């Protein structure tokens, strides 16, 4: 797997290079973020994350914020054209370990826009989910991810009473592959937004939610529970 992700790291794993507080981070082929920023996760409130990148500027940026709480931002110079293949799948991942939290997605949108050296926009791909059904046929649900419960996407397993389980991992990839770079495109850009609700019975809720982009055939790596966020096969 080839993975680029923006993580909402709610649990600090200092032994695998995480900062010692909850943080947001940009991950380029490693759980050890290339850049992080402190982030004050807020139990039981709706937050929003935004991701943005264009192929000329070559800087991947993210922002996470609470209306009535904290906010954080992070940016990293990388060219995704040398990282990511031409065809990718876009997705959301989340996990728990010993500690947990609901990893509840209320909404998710993604917008890829490819402008050509002509008048026309060569390619484009845009979706919005503000609600999720029990049979969400345009999402590939991996692991413990389920849709529909309360018109929501629950990436990690939640029991009937509404309490989260540990040792869970799950993801939701958009059904169609995304032509992230196409020939004849002069400018390739994308942005993403998701709104989420992290609830928990733990003092260090865990482990986080991530927006990712990967090879089309990406799947949950073996043992990627907990600190690995359902994203990486190891902590290198």
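Residue numbers count along the first chain shown, from 1.
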Original post:
Per the PDB record, is the mean Cα temperature factor higher over 208-216 or over 224-232?
Top reply: 224-232
**OP:** Would you tell me which stretch averages the higher CA B-factor in the PDB entry, 164-172 or 46-54?
**Re:** 164-172
**OP:** Sort 61, 184, 30, 36 by C-alpha B-factor from the entry and give me just the highest.
**Re:** 184
Subject >> Deposited CA B-factor, highest of 144, 135, 150, 86 >> reply: 150
Subject >> Chain third (lowest, middle, highest) by recorded CA B-factor, residue given as residue 75 >> reply: middle
Original post:
Is the Cα B-factor recorded for residue 119 in the lowest, middle or highest third of its chain?
Top reply: highest
Original post:
Is the Cα B-factor recorded for residue 198 in the lowest, middle or highest third of its chain?
Top reply: highest
Subject >> Within-chain third of residue 41 by Cα B-factor, per the entry >> reply: highest
Original post:
Which third of the chain does residue 157 land in by C-alpha B-factor: lowest, middle or highest?
Top reply: highest
